[PDB]
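Listed in order, the protein sequences are those of chains AAA and BBB.
Each residue of the first sequence is one higher than the last, beginning at 1 in the authors' numbering.
Each residue of the second sequence is one higher than the last, beginning at 1 in the authors' numbering.
Cβ atoms here follow ideal geometry from the backbone N, Cα and C, with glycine treated the same way.
Notes follow once the structure below has been shown.
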Amino acid sequence: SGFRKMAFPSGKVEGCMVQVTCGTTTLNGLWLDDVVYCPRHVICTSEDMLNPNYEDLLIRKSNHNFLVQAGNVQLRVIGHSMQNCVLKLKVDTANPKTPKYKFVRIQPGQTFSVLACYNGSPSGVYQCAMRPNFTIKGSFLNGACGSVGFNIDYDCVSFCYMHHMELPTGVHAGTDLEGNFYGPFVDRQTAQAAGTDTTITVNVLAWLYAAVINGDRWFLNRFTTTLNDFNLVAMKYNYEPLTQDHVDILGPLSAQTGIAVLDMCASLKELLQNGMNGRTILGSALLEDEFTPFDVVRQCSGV
Amino acid sequence: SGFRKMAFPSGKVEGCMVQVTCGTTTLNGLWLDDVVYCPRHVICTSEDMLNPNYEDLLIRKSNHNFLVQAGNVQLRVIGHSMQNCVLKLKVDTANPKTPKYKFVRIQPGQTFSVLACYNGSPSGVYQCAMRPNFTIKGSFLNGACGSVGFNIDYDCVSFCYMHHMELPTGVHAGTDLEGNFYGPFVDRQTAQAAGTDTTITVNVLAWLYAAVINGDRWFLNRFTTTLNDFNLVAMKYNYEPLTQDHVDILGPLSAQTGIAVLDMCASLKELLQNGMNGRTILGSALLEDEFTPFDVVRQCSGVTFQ
Ligand SMILES: *[C@](O)(C(=O)NCc1ccccc1)[C@H](C[C@@H]1CCNC1=O)NC(=O)[C@H](CC1CC1)n1cccc(NC(=O)OC(C)(C)C)c1=O
Ligand SMILES: *[C@](O)(C(=O)NCc1ccccc1)[C@H](C[C@@H]1CCNC1=O)NC(=O)[C@H](CC1CC1)n1cccc(NC(=O)OC(C)(C)C)c1=O
Numbered sequence: 001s002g003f004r005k006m007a008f009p010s011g012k013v014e015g016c017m018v019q020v021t022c023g024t025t026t027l028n029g030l031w032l033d034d035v036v037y038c039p040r041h042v043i044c045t046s047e048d049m050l051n052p053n054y055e056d057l058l059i060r061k062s063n064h065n066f067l068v069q070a071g072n073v074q075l076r077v078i079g080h081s082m083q084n085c086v087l088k089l090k091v092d093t094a095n096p097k098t099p100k101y102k103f104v105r106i107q108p109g110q111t112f113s114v115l116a117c118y119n120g121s122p123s124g125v126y127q128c129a130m131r132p133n134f135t136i137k138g139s140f141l142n143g144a145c146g147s148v149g150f151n152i153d154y155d156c157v158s159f160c161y162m163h164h165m166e167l168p169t170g171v172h173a174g175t176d177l178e179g180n181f182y183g184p185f186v187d188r189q190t191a192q193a194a195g196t197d198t199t200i201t202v203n204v205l206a207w208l209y210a211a212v213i214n215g216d217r218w219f220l221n222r223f224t225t226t227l228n229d230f231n232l233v234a235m236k237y238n239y240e241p242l243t244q245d246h247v248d249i250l251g252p253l254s255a256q257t258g259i260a261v262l263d264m265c266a267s268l269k270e271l272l273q274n275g276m277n278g279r280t281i282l283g284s285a286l287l288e289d290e291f292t293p294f295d296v297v298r299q300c301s302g303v
Numbered sequence: 001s002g003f004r005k006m007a008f009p010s011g012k013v014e015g016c017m018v019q020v021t022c023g024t025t026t027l028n029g030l031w032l033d034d035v036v037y038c039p040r041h042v043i044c045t046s047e048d049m050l051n052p053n054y055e056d057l058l059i060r061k062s063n064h065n066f067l068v069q070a071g072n073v074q075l076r077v078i079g080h081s082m083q084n085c086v087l088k089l090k091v092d093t094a095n096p097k098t099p100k101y102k103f104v105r106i107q108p109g110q111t112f113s114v115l116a117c118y119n120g121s122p123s124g125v126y127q128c129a130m131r132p133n134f135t136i137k138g139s140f141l142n143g144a145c146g147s148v149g150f151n152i153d154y155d156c157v158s159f160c161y162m163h164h165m166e167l168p169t170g171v172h173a174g175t176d177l178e179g180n181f182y183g184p185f186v187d188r189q190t191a192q193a194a195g196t197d198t199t200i201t202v203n204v205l206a207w208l209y210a211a212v213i214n215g216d217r218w219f220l221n222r223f224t225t226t227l228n229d230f231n232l233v234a235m236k237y238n239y240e241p242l243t244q245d246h247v248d249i250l251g252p253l254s255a256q257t258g259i260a261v262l263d264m265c266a267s268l269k270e271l272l273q274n275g276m277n278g279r280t281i282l283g284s285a286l287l288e289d290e291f292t293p294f295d296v297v298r299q300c301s302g303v304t305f306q
């Protein structure tokens with residue numbers, strides 16, 4: 001037992017990280033088979049970030065303008081291609097450490113591990129969620145661009161995030177590995193702001209189910225709720241609406257604990273009303289929303 | 001910016017993890033050079049666990065009595081030895097993925113990464129602190145024994161923890177890699193409990209510095225204090241004593257923020273007496289004590305591993 005924010009083991013991603021340099025700009029790239037993926041803004045100067053014309057900047061670059069270093073080794077760039085906001089650098093070597101991998105675009109509420117890297121070297125690994133406002137609450141300094149987010153369900157690495165920017169509230173925005181941004185953000189230094197963030201309701205419920213599996217029952221009550229009355233109350237606390245899909249997804253945890261999904265919703269309604277009155281749940285004094293139903297089952301019941 | 005509970009990258013350690021079977025028992029081992037390290041209780045069965053004679057149990061064992069699997073590959077065991085609560089299985093093959101490493105024993109308050117493993121396969125990585133009561137707040141299911149804790153410095157893995165047991169309250173106990181227990185625990189099925197835990201003061205102050213570096217400043221105040229004054233309030237609230245060495249270690253963060261440890265101790269003094277008054281610090285409603293001063297510097301300066 002016990003319950004922690006757990007990341008995936010990072011080794012399969014560590015062997016894919018490289019440094020990419022173009023002019024004065026250095027950041028991280030991801031080397032899978034014979035392609036290095038990195039943010040297209042590696043081709044920009046620090047002035048000329050307001051309104052970059054990336055098509056115009058890229059046509060002016062030679063293969064030999066990209067310095068790609070994997071440890072001491074310099075890789076040879078033999079071709080370049082832009083896909084949305086990602087640059088794909090063709091190199092003469094397939095990475096021999098390339099894992100079994102897929103690219104996946106995730107939905108808000110989904111969790112993933114981040115391997116924070118500087119100069120193509122790993123600094124640390126932590127767990128994140130795609131917020132409902134399509135930001136992530138990351139930990140990134142100058143040099144972190146091209147750091148990736150991933151899951152490893154079985155031996156297959158699903159890459160879902162590539163880091164590009166920090167927004168004014170100290171939260172982060174980036175793309176899938178096809179270079180499409182999460183949310184309405186652009187790779188320009190123009191004024192942009194995250195929408196109002198909301199709590200990931202289905203994840204809070206999953207985490208209350210974790211608490212019951214780990215033997216804590218103090219917050220339960222004798223009440224039930226309709227799905228609609230739950231949403232009318234939860235939205236007053238800036239909680240995301242709970243859908244019938246979310247109710248279906250919570251079915252297994254419901255069956256394991258013997259607590260109906262709408263009985264657990266009544267518990268959450270009372271927690272939002274009362275707070276915790278000096279108590280904690282799984283070591284937290286706040287309601288946790290960065291564990292998915294699938295994360296709870298994986299950590300509580302066998303991996 | 002941002003601040004997250006961050007683990008070390010686990011790749012150097014993932015290459016050392018193997019499965020060890022002795023009869024009915026499967027758990028994890030650590031394969032370094034030509035030796036596999038695992039918990040000595042791998043030799044025990046049901047009857048043995050209630051009062052084990054580890055000397056007497058280890059005599060009756062073949063080398064072929066220990067199945068060691070690295071992926072599909074069976075390693076050949078050519079020797080076995082016990083060191084305190086660890087078994088050392090000599091194999092005929094040096095691990096070609098052996099990193100630069102040493103074995104270190106950490107102090108209460110120090111943090112490390114755990115690579116939670118099952119059947120020799122890494123499943124997850126998270127950051128822990130050795131609690132003042134010598135437990136860790138881990139997350140471990142059946143099969144986790146022999147999972148290890150570590151720190152990295154440049155390209156050197158310091159192994160500090162090997163997992164042995166769960167206590168009541170769902171906290172965890174284990175050994176250093178020389179098989180010495182952290183805390184007053186024994187590797188037998190018997191009545192054991194975690195002692196009263198205390199809050200790691202120097203780590204809470206480190207995390208208040210992380211808060212300030214990230215623009216979370218509401219708890220700062222005009223007041224200062226001294227050790228004796230703060231420490232009399234610390235003991236009061238089941239906080240570890242703050243030593244002069246702690247004050248020195250936080251030195252850098254006092255400089256970088258303009259808040260002297262004792263000025264920050266004045267902020268922490270106030271938070272304990274008064275509470276947080278509806279507010280959060282770095283997204284927590286409680287005072288975080290599992291970041292060391294070094295962790296805060298590591299994270300807020302972008303230190304990388306080679
Ligand atoms: C990314 O480009 C990066 O890491 N680049 C390498 C590098 C940058 C700076 C110095 C040396 C090397 C960064 C990552 C950022 C930096 C701080 N934390 C991060 O997550 N991304 C950008 O700088 C990004 C590039 C834009 C998308 C194309 N960018 C540019 C300009 C402004 C901002 N944000 C900003 O001003 O943030 C506030 C909070 C408003 C100060 C930005 O992210
Ligand atoms: C460890 O031995 C292990 O993982 N063994 C492999 C295994 C395979 C299949 C089934 C069980 C075990 C475990 C690790 C435990 C299991 C669950 N969480 C853990 O951290 N350690 C023990 O089982 C340990 C071995 C003893 C020290 C030599 N042990 C034995 C008996 C009792 C407990 N604890 C206990 O009863 O915990 C409470 C909280 C009281 C239920 C114990 O840890």
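query                                                                                                                                                                                              : result
Taking the alpha-carbon of BBB/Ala194 as reference, which of BBB/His41, BBB/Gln74 and BBB/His172 has the nearest alpha-carbon?                                                                     : BBB/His172
With distances taken from CA atoms, which of AAA/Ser158, AAA/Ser123 and AAA/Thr198 is nearest AAA/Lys102?                                                                                          : AAA/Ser158
Contact between the stretch 127-139 of chain AAA and the stretch 171-187 of chain AAA: three or more CB pairs below 8 Å?                                                                           : yes
Apart from the five residues on each side of it in sequence, which residues of its chain come closer than 6 Å, Cβ to Cβ, to AAA/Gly15?                                                             : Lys97
Please tell me whether, using a cut-off of 7 Å, the distance from the CB of BBB/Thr225 to the nearest non-hydrogen atom of ligand 2 is below it.                                                   : no
Out of curiosity, what's the CA-to-CA distance linking BBB/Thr199 and BBB/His64?                                                                                                                   : 47 Å
Over the uninterrupted alpha helix (DSSP H) stretch that includes BBB/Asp245, give me the two end residues.                                                                                        : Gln244 to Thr257
Evaluate the contact criterion for the stretch 282-293 of chain BBB versus the stretch 197-212 of chain BBB: three or more CB pairs, one atom per stretch, below 8 Å.                              : yes
Looking at the C-beta of BBB/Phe134, does it have a partner C-beta in chain AAA at a distance below 8 Å?                                                                                           : no
Is BBB/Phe140 near ligand 2, judged by its Cβ being under 7 Å from some heavy atom?                                                                                                                : yes
Is AAA/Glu14 close to chain BBB, meaning its C-beta is less than 8 Å from at least one C-beta of that chain?                                                                                       : yes
Starting from the C-beta of AAA/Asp197, find all residues in its chain whose C-beta is less than 6 Å away, skip the five residues before and the five after it, and write them out in chain order. : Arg131 and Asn133
By the DSSP assignment, the beta strand (DSSP E) with AAA/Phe66 in it spans what residues?                                                                                                         : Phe66 to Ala70
When you measure from the CB of BBB/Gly143 to every non-hydrogen atom of ligand 2, does any distance come out below 7 Å?                                                                           : yes
Please classify AAA/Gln244 as buried or exposed, where buried requires at least 16 other C-beta atoms within 10 Å of its C-beta.                                                                   : exposed
Can you tell me whether DSSP reads BBB/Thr111 as helix, strand or coil?                                                                                                                            : strand
What are the residues that DSSP puts in a beta bridge with residue 314 of chain BBB?                                                                                                               : Since the first residue shown for chain BBB is 1 and the last is 306, residue 314 of chain BBB is missing from the structure and cannot be characterised.
Thinking just about the alpha-carbon of each residue, which of BBB/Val104, BBB/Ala211 and BBB/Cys44 is nearest to the one in BBB/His164?                                                           : BBB/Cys44
Which whole-angstrom value describes the C-beta separation of BBB/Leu27 and BBB/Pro39, a residue pair presumed to lie in contact below a C-beta threshold of 8 Å?                                  : 6 Å
Note down the Cα distance separating BBB/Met276 from BBB/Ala234, rounded to an integer number of angstroms.                                                                                        : 17 Å
Take AAA/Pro99 as the anchor and find which of AAA/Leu87, AAA/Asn53, AAA/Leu32 and AAA/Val125 has the nearest alpha-carbon.                                                                        : AAA/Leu32
If we cut at 8 Å on Cβ distances, does AAA/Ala285 have a partner in chain BBB?                                                                                                                     : yes
Taking the C-alpha atoms as reference points, what is the distance between AAA/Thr21 and AAA/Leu75?                                                                                                : 12 Å
Taking three-plus beta-carbon pairs below 8 Å as touching, is the stretch 77-84 of chain AAA in contact with the stretch 105-117 of chain AAA?                                                     : no
Just to check, is the beta-carbon of BBB/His41 closer than 7 Å to a non-hydrogen atom of ligand 2?                                                                                                 : yes
To the nearest angstrom, how far is it from the Cα of AAA/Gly215 to the Cα of BBB/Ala191?                                                                                                          : 20 Å
How would you call AAA/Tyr154, buried or exposed, if buried means at least 16 neighbouring beta carbons within 10 angstroms?                                                                       : exposed
Kindly indicate which residue of AAA/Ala260, AAA/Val125, AAA/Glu166 and AAA/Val86 has the alpha-carbon position closest to the one of AAA/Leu220.                                                  : AAA/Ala260
What I want to know is whether the C-beta of AAA/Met165 ends up closer than 7 Å to one or more non-hydrogen atoms of ligand 2.                                                                     : no
Apply the 10 Å Cβ neighbour rule to BBB/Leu50 and answer buried if 16 or more other Cβ atoms are within range, or exposed otherwise.                                                               : exposed
Looking at chain BBB, which residues of the stretch 92-119 of chain AAA have a Cβ within less than 9 Å of any of its Cβ atoms?                                                                     : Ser113, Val114, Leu115, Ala116, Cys117, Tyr118 and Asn119
Would AAA/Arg188 count as contacting chain BBB if we go by Cβ distances under 8 Å?                                                                                                                 : no
Taking just the CA atoms, how far does BBB/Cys145 sit from BBB/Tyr161?                                                                                                                             : 11 Å
BBB/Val303 versus chain AAA: which residues are under 7 Å apart at the beta carbon?                                                                                                                : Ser123
Have a look at AAA/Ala116 and AAA/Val186 and give me their C-alpha separation to the nearest angstrom.                                                                                             : 21 Å
Of all the residues that make up the stretch 31-63 of chain AAA, which are near chain BBB by a beta-carbon distance shorter than 8 Å?                                                              : none
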